Amino acid sequence: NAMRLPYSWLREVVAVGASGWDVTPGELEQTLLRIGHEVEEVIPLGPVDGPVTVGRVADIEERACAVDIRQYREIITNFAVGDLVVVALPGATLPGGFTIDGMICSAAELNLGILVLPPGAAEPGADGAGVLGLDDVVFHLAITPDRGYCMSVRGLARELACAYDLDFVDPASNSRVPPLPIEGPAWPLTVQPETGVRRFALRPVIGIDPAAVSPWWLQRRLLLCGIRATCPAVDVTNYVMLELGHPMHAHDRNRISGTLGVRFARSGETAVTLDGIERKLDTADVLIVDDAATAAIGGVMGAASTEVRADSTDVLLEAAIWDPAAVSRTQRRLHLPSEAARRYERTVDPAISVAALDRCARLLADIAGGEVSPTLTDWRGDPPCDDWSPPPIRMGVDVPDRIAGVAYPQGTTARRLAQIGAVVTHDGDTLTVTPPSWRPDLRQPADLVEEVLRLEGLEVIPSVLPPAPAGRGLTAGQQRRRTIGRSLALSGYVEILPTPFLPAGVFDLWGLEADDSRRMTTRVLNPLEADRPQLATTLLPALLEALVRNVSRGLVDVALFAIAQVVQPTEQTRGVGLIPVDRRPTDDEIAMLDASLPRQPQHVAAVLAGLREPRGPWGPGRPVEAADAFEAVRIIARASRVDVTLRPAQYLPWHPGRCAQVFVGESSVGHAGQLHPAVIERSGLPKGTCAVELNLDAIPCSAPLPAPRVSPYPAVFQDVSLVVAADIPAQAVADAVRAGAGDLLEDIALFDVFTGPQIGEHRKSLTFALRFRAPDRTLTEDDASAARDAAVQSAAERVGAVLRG
Amino acid sequence: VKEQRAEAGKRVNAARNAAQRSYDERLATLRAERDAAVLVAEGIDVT
RNA sequence: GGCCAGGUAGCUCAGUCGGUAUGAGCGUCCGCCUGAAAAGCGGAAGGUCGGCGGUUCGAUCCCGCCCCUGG
Ligand SMILES: [Mg+2]
Ligand SMILES: [Mg+2]
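If you read the protein sequences in the order shown, they are chains A and B.
Using the working numbering, read the first sequence as starting at 222 and increasing by one per residue.
Using the working numbering, read the second sequence as starting at 63 and increasing by one per residue.
Right, dumping it as structure tokens:
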């Protein structure tokens, strides 16, 4: 999308209509930025100083060289006797700091592009700074795809004429290119109308001198634009393509067999380009073919069959307009970023096809000693078209004012739209705007609004805050993710941003089964690393990766968490057909598009390793254990304002004896605990690594409205010791005691877990602290003991508890 | 240490591959018991 | 894709055209030491030298393709 030109050439085209126009290169870049042209880089040429002049070599010694600089010196690849060269004698400076009986400079050493000036470029001894034009400044521009007309000096000079409100003289006009005589056809021509070609012009130039080279001003402009100049007939086709934006190609007229045909490639043909390589063709590709071989790939690349060489004496230039889409799909497959293809895919002004041809035929004969044949073949569709203008656009006169929010002076819209080349008529308060042929991007009133606003300047648009709409703030879920993040950080967890790309076979490290639901992932066609193309079904691999980085760098006591969504496909990656953009998709089409996507729920996860409690004057600290992962669950559950229940469970990569499945009501919401030791060793993780992962979408949103009533009466404190099998969870006993104790039970806490031979084998004694309180009376000890006995009975029936005797 | 004398009499790679294969077997054998004993070890009260 | 310098221990990096990477600094472990530490001194652990193949009794080093960084 780049476009490079020197300032001298651009200023020249602008100076034709506005004589004396000259601006500072910084101002030019600033003005180009203000109207919407990204100035990538501003390159000044050179600079040289001191004895750097031109000269002609006189003798060759196979390498010594005799160059006449009013003097005569001798200096020690691609030059013959009599050629003008650039000489740098030991004197002052040279671009790059390298101080130079001298040196024959090259285009790269002069900070310009060895370099051989064409015969007659200058007189031996002339100051090389002026001969090469080192006071010039080359501009590197990034052209957006909507402004293909700016891929030329014509488009950029017109843009500057609009910005500076200057008189502009189109270099493609009839006064700068006078029509050449049309006394008959130039070559037999046929075109399949289904190929998408809009125009095809042909004009020949007979008897060109093969020993003629391009003048210096033409070669210098081609090089400053990034195109190597070889010979005229191809130098003029590139020069005209750069000046007017119409790509041009020259054929060898004596190398065309029979009539010229433009049609689609039938099956898998091939063609050898100017470079020299056979390229596979598609059945939807447009080409110019003769009765012998293929002449060129339609608007992409020319072929060596008809390409001009150093023996060409008759040239036949072809000014054509190809389908932008056909050239786009063709240039991308063959890796051909051709200057012609890059402009054709971004549209080319079809009205200047013959004008650009007449400029090519005349300029070639003027420098190569040829004759312009007064013959032209100009195919313009069926029927032959004569008006290449886009359709007219109706728009209210104050529509740009409304969209800009500025009351522009009257006639601003009409003046600006006429400046960019559009025909504007008035009908009451409604304009009818017909864009010029080189502006196919102008299709809707919005396109016209941008033209007015960017030319007036977006800086004149005032900053007016819109009124605040009566919003509802954060959703319940969004508030929950904040509270969960705040609570985990305050509890000693450090948040990370998890990557959605799974490590190389991470599930194989976890030892997951082949039918594990986590293994059903969504894959990526072009990943950054070929061994990590799978998307994340769980947040743990990303957290465990960030844990390894911290531990491997000296931070061995870590606790990280992450609140992000995952990816869980329920089938093979299915695609949805294209729905027309010109209308709103029905709600049934929307639901069809959602079902073809993975579920992607919001998850919270955490990993822990090393010391959970740091050491200090209090003591030596506590290493991470499974209970710390369960406490993270209770931290998340308290932040979510829900109650969770943990049950023992087996679920890789967790340790089956140190793993809890988390439940909200009856719905499973995730797992927590210590990781399997084999998984730890096979992953390089620290020993005893613990982990949590919850599905926040499976946890329902809750906003309870408690109505506490504080009883002013005293409480009764009691403790109960219950013996249960070792496998009975302590929370189960607590729930059974609560269910039996009734409404008098105000609080219950476990403070003792005792094993030993006093208790049976594989049994345990649990002592709970109980607090009873009535809302309307003081209790007797018998009142509390009655509630305690009912709790003991409930624990006997629910978990088989036995009162400690 | 000639191509001779540097061949037979230096091909103790079979002795190293046999000593390795005895280690690779015991490594997979002992890893299987550890993974098995983990499934039968006494769990914790996760509540 | 082209052309290229690289990928070597936990971190940052040297070094080798066939049997030792005598790998370095720091990180990890043990001892002397301290109430317990650290330094210091002494003694150890740990690398499939980028993957997959090719040649040899034997390849980080030689051949081919490929993964990712400077290009
Ligand atoms: Mg626009
Ligand atoms: Mg020590």
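Here a beta-carbon is modelled for each residue, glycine too, at the ideal position from N, C-alpha and C.
In this structure the region 334–343 of chain A lies against the region 432–442 of chain A, because at least three pairs of beta carbons, one per stretch, are closer than 8 Å. For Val-74(B), no chain A residue has a C-beta closer than 9 Å to its own C-beta; the minimum C-beta separation is roughly 31 Å. At a threshold of 7 Å, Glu-671(A) counts as near ligand 1, since its beta carbon sits closer than that to one of the ligand's heavy atoms. For the region 89–103 of chain B, the beta-carbon criterion of a distance under 8 Å to any beta-carbon of chain A is satisfied by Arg-93, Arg-96, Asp-97, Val-100, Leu-101, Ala-103. Secondary structure note for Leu-674(A): its alpha helix (DSSP H) is the uninterrupted segment 666–677. Only those residues of the region 940–962 of chain A whose C-beta falls short of 9 Å from the nearest C-beta of chain B are listed: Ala-947, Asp-948, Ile-949, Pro-950, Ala-951, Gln-952, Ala-953, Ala-955.
A distance below 6 Å between beta-carbons, with the five flanking residues on each side excluded, links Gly-523(A) to the following residues of its chain, in chain order: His-470, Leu-495, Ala-517. Between the alpha carbons of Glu-672(A) and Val-412(A) lies a distance of about 37 Å.
Here DSSP, grouped into helix, strand and coil, assigns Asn-222(A) to coil. Straight across, the Cα-Cα distance linking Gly-489(A) with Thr-504(A) is about 7 Å. Between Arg-739(A) and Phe-728(A), the C-beta gap is smaller than 8 Å, which places the two residues in contact. Judged by their CB atoms, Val-302(A) and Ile-281(A) are nearer to each other than the 8 Å cut-off.
Taking a beta-carbon distance threshold of 8 Å, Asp-107(B) counts as an interface residue toward chain A. For chain B, the residues of the region 845–861 of chain A that bring a beta carbon within less than 7 Å of one of its beta carbons are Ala-847, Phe-851, in chain order. Just so you know, the alpha carbons of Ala-767(A) and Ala-957(A) end up roughly 42 Å apart. According to DSSP, residue pairing for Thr-651(A) in a beta bridge involves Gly-617(A), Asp-648(A).
With its beta carbon at least 8 Å from every one in chain B, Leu-873(A) lies outside the interface. Per DSSP, the unbroken beta strand (DSSP E) holding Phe-360(A) starts and ends at 358–363. Residue environment: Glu-404(A) is assigned as exposed (fewer than 16 neighbouring CB atoms within 10 Å of its CB, all protein chains considered). In this structure, the CA atom of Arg-820(A) is about 6 Å from the CA atom of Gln-789(A).
Listed in chain order, the alpha helix (DSSP H) runs fully inside the region 870–912 of chain A are 898–904, counting runs of at least 4 residues. Secondary structure of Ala-639(A) (DSSP, three-state): helix.
Contact of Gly-842(A) with chain B is not assigned, every C-beta pair being separated by 8 Å or more.
C-alpha of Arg-833(A) to C-alpha of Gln-952(A): approximately 24 Å in a straight line. Of the other Cβ atoms in all chains shown, 16 or more fall within 10 Å of the Cβ of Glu-330(A); this residue is therefore buried. Using a C-beta cut-off of 8 Å, the region 869–889 of chain A makes no contact with the region 787–802 of chain A, since fewer than three inter-stretch Cβ pairs fall below that distance. Rounded to the nearest angstrom, the Cβ distance from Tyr-934(A) to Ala-995(A) is 6 Å, consistent with a contact under 8 Å. Per DSSP, reduced to three states, the secondary structure at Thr-807(A) is coil, with no helix or strand assignment. In the same chain as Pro-414(A), and ignoring 5 residues on each side of it, the C-beta atoms closer than 8 Å to its own belong to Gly-602, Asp-603, in chain order. In the structure shown, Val-865(A) adopts coil according to DSSP, grouped into three states. Around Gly-894(A), the beta-carbon contacts reaching into chain B at under 9 Å are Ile-106, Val-108. Using beta-carbon distances, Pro-877(A) counts as an interface residue toward chain B, with a partner under 8 Å. With contacts defined as CB atoms closer than 8 Å, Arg-424(A) and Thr-596(A) qualify as a contacting pair. In chain order, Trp-731, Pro-874 place their CB closer than 6 Å to the CB of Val-900(A), counting only its own chain and leaving out the 5 sequence neighbours on each side. Distance from the CA of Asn-459(A) to the CA of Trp-230(A), rounded to the nearest whole angstrom, comes to 15 Å.
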